[PDB]
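1. Opening piece of a complex, kept in its complex position:
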Amino acid sequence: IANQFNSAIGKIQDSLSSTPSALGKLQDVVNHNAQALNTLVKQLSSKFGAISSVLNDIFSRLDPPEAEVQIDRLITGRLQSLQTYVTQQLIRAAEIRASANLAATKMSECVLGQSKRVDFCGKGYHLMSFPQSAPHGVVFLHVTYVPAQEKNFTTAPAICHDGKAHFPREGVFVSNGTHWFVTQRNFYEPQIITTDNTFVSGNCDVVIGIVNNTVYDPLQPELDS
Amino acid sequence: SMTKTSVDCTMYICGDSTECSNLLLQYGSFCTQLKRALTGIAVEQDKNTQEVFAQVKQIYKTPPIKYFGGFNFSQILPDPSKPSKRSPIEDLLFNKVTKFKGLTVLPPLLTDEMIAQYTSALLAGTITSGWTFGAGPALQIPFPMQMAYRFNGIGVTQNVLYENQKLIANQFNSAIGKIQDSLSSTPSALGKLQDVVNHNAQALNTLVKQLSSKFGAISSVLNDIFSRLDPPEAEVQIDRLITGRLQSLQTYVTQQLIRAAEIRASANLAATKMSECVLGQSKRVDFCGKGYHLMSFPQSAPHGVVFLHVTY
């Protein structure tokens, strides 16, 4: 597990480095801000219907009466530009605040704990998470547990022994064709069927798919020996 | 997701008029901003659908024989007889839900058939594998045992299910059967998606009808105002008309951006619900249905998703 973790991080470094848009989210944020700034600045060069885009010329060249209406048009256009910029910045800030709330939630529930929410922190059974600072953002290294080598098995809901149904206390009844074993759900670790890891819940008649098998009794050997 | 729209300034603000082209260019790069914003919204809608429905990495198929311990998924599983392989509930949802001035409606990247294919893959994975398909390789497991897992996940011993398998199967079948009736009987059952469609249609209609607005001009139509007046007197009126229509476009884009943020919040919630209830069993209270959550089944719907939260 330690080697797999080390190799995983070593691959994370290369995958971040090589991919053209690994940090595309933060790059898009920066680009959106830069383009908003650039369009706001370039809006000073727009006439807005006035006969001049440079304003030191419209006032001096024109008479104060007409210069007043020309400056009115220019101020209306530029204040429209400012209001549009502020509204777009408010919408973008709401989007960024939603993302920052999600980042705070992910920090709290995966860096500061182990989350059982599926796919919230990485694809797989979440194990850990490591925050990493990034320009105007955060990068989480979601360490997850992915089962790898599945294998077919014959399973049964219960085990009929001594005329009473037996259910796995924690795990699954499986058989390798001939012998019946109880196994934890996420990792093939066959165990001999025993009264310790099985609990009796009635008779064999009710259950559909119950298989007839023997359940080992730990106490009998000590009584015999 | 919402309607995937796009706008052409040079045709919306004026049509056949070419003088408006020159008059608009001097206004500046407002229309570049508008096109970029609308393209961002469209790509966002495509991403919304992809994030909600493409949770699965492999298209799964249910076995040809569909005995799942007595549970009946015929209402949620695809219907091969009809052309579009949509389940009866999906068909009911699709049936219930019900401009060339530069306004164009871009088609979604994922067709309704492919969204139904994603939904069917998720359903098949959930049925034949449980939550395992969402956290690694899909692992086969009998449904009477998967539901015993789901009982263990709500603090009820799996004993309870195996002693009551037929009763639980009948209750689930009856609930699924009543879902179709409850959806069909109430016209406002799909009110959320219907409201989304109505909001998009109202936005398009008000944007189109804003062309007839005078904006304090002698003539709203462009040919009359330009031809009747001399170019000096006509330019101020045309500038007023262009300012009015450009404010209309800015208002439409801002409203679509706010609505896109709302729909993106809803699509993030839908992706979260799919991940945590279709691909797993969630312990969060009231997140997926009122009661101790057992399962959830995605169903495609026009510009949305419908979850059948099976609870205990």
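-> Okay, I see it. Residues are numbered from 1 along each chain as shown, chains lettered A, B, ... in the order given.
2. right, is the one helix or strand residue A:30 maps to up against chain B?
-> Assigned by DSSP states H and E, residue A:30 belongs to helix A:24-42. Yes. Counting by CB under 8 Å from any CB of the partner chain, chain B has neighbours in helix A:24-42: A:35, A:39, A:42. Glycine gets a C-beta too; all of them are placed from N, C-alpha and C.
3. who's in contact with that helix?
-> A:21, A:81-82, A:85, A:88-89, A:92, A:96, A:134-137, B:28-29, B:32-33, B:36 (CB atoms under 8 Å, 6 or more residues apart in numbering or on different chains).
4. hmm, which of the residues you listed are the buried ones?
-> By neighbour count, with 16 or more other CB atoms under 10 Å in any protein chain shown, these hold A:81, A:85, A:88, A:92, A:96, A:137, B:28-29, B:33 as buried.
5. can you give me the helices for the stretch 151-300 of chain B?
-> B:158-163, B:165-185, B:191-209, B:222-228, B:231-273 (DSSP state H, counting those that start in this stretch).
6. mind checking how far the helix holding residue A:30 is from the chain centre?
-> Counting by CA atoms, centre = their mean, to the nearest Å, helix A:24-42 is centred 26 Å from the centre of its parent chain.
7. Now stretch B:60-72: buried residues?
-> Across stretch B:60-72, burial judged by 16+ other CB under 10 Å covers B:60, B:62, B:68-72.
8. Which residue is most remote from the mean position of the chain?
-> Just going to use chain A. For chain A, the largest distance from the centre (CA atoms, centre = their mean) belongs to residue A:63, which lies 63.6 Å off.
9. switch to chain B, that's the one I care about
-> residue B:230 (50.3 Å).
10. And that residue, how close does it get to chain A?
-> 17 Å (CB to the nearest CB, to the nearest Å).
11. same thing with residue B:137?
-> 6 Å.
12. Report how many residues lie close to that residue.
-> Residue B:137: 14 surrounding residues under other CB atoms under 10 Å in any protein chain shown.
13. and what of residue A:130?
-> Residue A:130: 13 surrounding residues under other CB under 10 Å.
14. List the contacts of it.
-> Contacts for residue A:130 (CB under 8 Å, 6+ apart) come out as A:111, A:140-141, A:143.
15. Make TSV from these and add neighbour count to it.
-> Below are the contacts of residue A:130 laid out as TSV (neighbours: other CB atoms under 10 Å in any protein chain shown):
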residue	neighbour count
A:111	17
A:140	17
A:141	15
A:143	18
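16. add chain C to what we have:
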Amino acid sequence: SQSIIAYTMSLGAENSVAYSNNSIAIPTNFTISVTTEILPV
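-> Placed with the earlier chains, chain C looks like this:
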């Protein structure tokens, strides 16, 4: 030899899970995978 092509999107590889009334698949090994998630703040 090389040119732009258009095609219908392939949603993914078809994987019919070998569901059966008594067949289960318990994994015998794991994989500690690290995933990277980037979030604007």
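17. Revisit the neighbour count of residue A:130 given that chain C is now included?
-> Counted with other CB under 10 Å, residue A:130 comes out at 15.
18. hmm, the longest helix seen in chain A in reach of chain C?
-> Ranked by residue count, the top helix of chain A under DSSP state H comes out as helix A:64-106. Yes. Using CB under 8 Å from any CB, we find that helix A:64-106 touches chain C at A:96, A:99-100, A:102-103, A:106.
19. can you give me the helices for chain A?
-> Assigned by DSSP H, chain A shows helices spanning A:2-18, A:24-42, A:55-61, A:64-106, A:219-224.
20. right, so of those, which gets closest to residue B:211?
-> Nearest to residue B:211 among these is helix A:64-106 (20.4 Å), distances taken as CB to CB.
21. my guess is residue B:208 contacts residue B:100, does it?
-> No. At 9.8 Å, residue B:208 and residue B:100 do not qualify as touching, with contact defined as CB atoms under 8 Å.
22. These two: which is more packed in?
-> Neighbours were counted for residue B:208 and for residue B:100 using other CB under 10 Å; residue B:208 has more, 16 against 8.
23. could you say what helices and strands the helix or strand harbouring residue B:116 packs with?
-> Residue B:116 is part of helix B:112-129 when elements are defined by DSSP H and E. With contacts defined as 3 or more CB pairs under 8 Å, 6 or more residues apart in numbering or on different chains; DSSP states H and E, helix B:112-129 has these neighbours: helix B:30-53, strand B:59-61, helix B:88-96, strand B:298-301.
24. Out of the ones you listed, flag the one nearest chain C.
-> Evaluated with CB to the nearest CB, those place strand B:59-61 nearest to chain C, the distance being 4.2 Å.
25. pretty sure residue B:147 is touching residue B:168, no?
-> Yes. Using CB under 8 Å, residue B:147 is in contact with residue B:168, at 7.2 Å.
26. Give me the common contacts of those two.
-> residue B:161.
27. Please identify which of those two sits among more neighbours.
-> Taking other CB under 10 Å, residue B:147 and residue B:168 do not tie; residue B:147 has more neighbours (25 against 21).
28. For that one, which residues are in contact?
-> Per CB under 8 Å, 6+ apart, neighbours of residue B:147: B:69, B:71, B:161, B:168, B:294-295.
29. I'd like the residues you listed as TSV, with distance to residue B:287 appended.
-> Below are the contacts of residue B:147 laid out as TSV (distance: CB to CB, whole Å):
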residue	distance to residue B:287
B:69	26
B:71	23
B:161	22
B:168	22
B:294	13
B:295	13
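30. put chain D onto that model:
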Amino acid sequence: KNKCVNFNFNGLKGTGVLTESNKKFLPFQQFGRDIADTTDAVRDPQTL
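-> Once chain D is put in with the chains from before, the structure reads:
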């Protein structure tokens, strides 16, 4: 018909491509409009 032309039907003065329509006008009616108050169909003055 089926070619984008500028059409002048008794001063309507619209542009578009003309196709035959299955819709039936009332005898007094001359042109049709859609919901958005845009000219959708026109009755030919020469014919009916």
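31. The contacts of helix A:24-42 with chain D there, same question as before?
-> For helix A:24-42, contacts defined as CB under 8 Å, 6+ apart pick out A:21, A:81-82, A:85, A:88-89, A:92, A:96, A:134-137, B:28-29, B:32-33, B:36, C:38-40.
32. now could you export just the CA positions of that helix as PDB?
-> What follows is helix A:24-42, C-alpha atoms only, in PDB (Å, rounded to 0.1, in the frame of the first residue of the first chain):
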ATOM      1  CA  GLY A  24      -7.900  24.700 -16.600                       C
ATOM      2  CA  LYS A  25     -10.400  25.900 -13.900                       C
ATOM      3  CA  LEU A  26      -8.000  28.400 -12.300                       C
ATOM      4  CA  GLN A  27      -6.600  29.400 -15.700                       C
ATOM      5  CA  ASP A  28     -10.200  30.100 -16.900                       C
ATOM      6  CA  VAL A  29     -10.900  32.100 -13.800                       C
ATOM      7  CA  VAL A  30      -7.800  34.200 -14.400                       C
ATOM      8  CA  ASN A  31      -8.600  34.600 -18.100                       C
ATOM      9  CA  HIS A  32     -12.100  35.700 -17.400                       C
ATOM     10  CA  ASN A  33     -11.000  38.300 -14.900                       C
ATOM     11  CA  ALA A  34      -8.300  39.500 -17.400                       C
ATOM     12  CA  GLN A  35     -10.700  39.700 -20.300                       C
ATOM     13  CA  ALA A  36     -13.200  41.600 -18.200                       C
ATOM     14  CA  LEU A  37     -10.500  44.100 -17.200                       C
ATOM     15  CA  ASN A  38      -9.400  44.400 -20.800                       C
ATOM     16  CA  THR A  39     -12.900  45.000 -22.200                       C
ATOM     17  CA  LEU A  40     -13.600  47.500 -19.500                       C
ATOM     18  CA  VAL A  41     -10.400  49.400 -20.400                       C
ATOM     19  CA  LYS A  42     -11.000  49.200 -24.100                       C
END
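33. tell me the angle it makes with helix A:64-106.
-> 170 degrees (axes from the mean of the first three to the mean of the last three CA atoms, to 10 degrees).
34. Give me the neighbour count for the closest residue to chain D within chain C.
-> As assessed by CB to the nearest CB, chain D sits closest to residue C:6 within chain C, at 27.6 Å. Look at residue C:6: counted by other CB under 10 Å, it has 4 neighbours.
35. what does residue B:6 give?
-> Residue B:6: 15 surrounding residues under other CB under 10 Å.
36. next one: residue B:270
-> Neighbourhood size, residue B:270 [other CB under 10 Å]: 22.
37. residues in contact with it?
-> Contact partners of residue B:270, counting by CB under 8 Å, 6+ apart, are B:52, B:304-305.
38. Lovely, talk soon.
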